[PDB]
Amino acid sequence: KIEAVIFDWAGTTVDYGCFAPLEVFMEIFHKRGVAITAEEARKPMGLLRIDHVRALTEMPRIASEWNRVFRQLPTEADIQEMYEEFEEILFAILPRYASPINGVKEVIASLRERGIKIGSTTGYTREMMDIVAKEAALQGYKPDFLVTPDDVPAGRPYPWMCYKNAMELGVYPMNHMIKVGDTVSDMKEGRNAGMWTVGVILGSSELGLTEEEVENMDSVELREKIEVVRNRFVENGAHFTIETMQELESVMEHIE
C-alpha cells in the first residue's frame, strides 16, 4: 500500500545538524578578523547568499569587531569579495559532511529488503550533489534515484521534484509515497505533492544541535527543545514526527 519513501539529504541522511554551510561562513570571516559563532551563522534566512553575507556585516558586535580590525565599516567591495569566495570553499569542504547520519543505512538496508523504492530531493545544485553523492555512496548510502532544483522548472516549495521521483520510480497514486525531511520547507513540499509527510527531529536544522552537543546537554532541556521543533513541524504540515529514523518503519505500519 506504500511503495516508495523519498528522503531529503542534509539533516536527514547526511550532515548531522547540517553544518557544511555554517562552516564556510565561519571560515570566510576567519581568514580575516572573524570572531564568529555558528549560532550567528544560522540566523540569516534572507533570499540570496550575498544577502546572507551582508546580514553578518550588519550584525552589531560583528560590525564592531570588523571596525576594530580595519578601522572602517565593511564595504560593498568587501561583501562582494567574501561572497565571491563562498562557493569556492563550499566545494572544498563538502566531502567532509557527507557521512550517513547513522541508523540511516540500516533502515535503508531494511525497507529495501521488503521491496520499498527509495528516491530523494534536495536544495543543493547539481554540481554540489555530484560531490556529495559520491562520498555518501562510497560510505554506505545511495538512493535508487536523485533529483535537484536544476532538473525542473522550480525550487523546493513546489512539488516538481517529487513528481519526477514518481515517474522514474514507477509508483503513482501519490498517497502511496512518504516524504521525510528535516525542515519546515520539507513539510510544505510534501503536502504540496499529496504525499504522507513525516519530519525527523534529532539531527535536523530546525533543532540546531550537534551530534556531540546532544550527547551531553541536560536531559530535561533536550525533551523541551525537541517538543518545540515537533510543534513547528506539525503546525506546518507534518502528518507524523519522529526523533530518529528508527521510528519510520513503525509509522508506515500505522499508515498501513
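One-based numbering along the sequence shown.
Visitor: Report the stretch with the higher mean CA temperature factor, choosing between 97-105 and 159-167 on the basis of the entry.
Guide: Looking at the recorded C-alpha B-factors, 97-105 comes out higher on average.
Visitor: Quick one: higher average CA temperature factor, 131-139 or 177-185?
Guide: Mean C-alpha B-factor is greater for 131-139.
Visitor: Kindly indicate the residue among 69, 193, 207, 198 with the greatest C-alpha B-factor in the PDB record.
Guide: Of the options given, 69 has the highest CA B-factor in the PDB entry.
Visitor: In terms of the CA temperature factor given in the entry, to which third of its chain does residue 146 belong: lowest, middle or highest?
Guide: As the PDB entry reports it, the C-alpha B-factor of residue 146 lands in the lowest third of its chain.
Visitor: Please place residue 110 in the lowest, middle or highest third of its chain according to the CA B-factor in the PDB entry.
Guide: Highest third, going by the recorded CA B-factors of the chain.
Visitor: Relative to the other modelled residues of the same chain, rank the CA B-factor of residue 63 and answer lowest, middle or highest third.
Guide: CA B-factor rank for residue 63: highest third.
Visitor: Classify residue 26 as lowest, middle or highest third according to the C-alpha B-factor given in the PDB entry, relative to its own chain.
Guide: Middle third.
Visitor: Should residue 228 be placed in the lowest, middle or highest third of its chain by the C-alpha B factor in the entry?
Guide: Its C-alpha B-factor, which the entry lists for residue 228, ranks in the highest third among residues of this chain.
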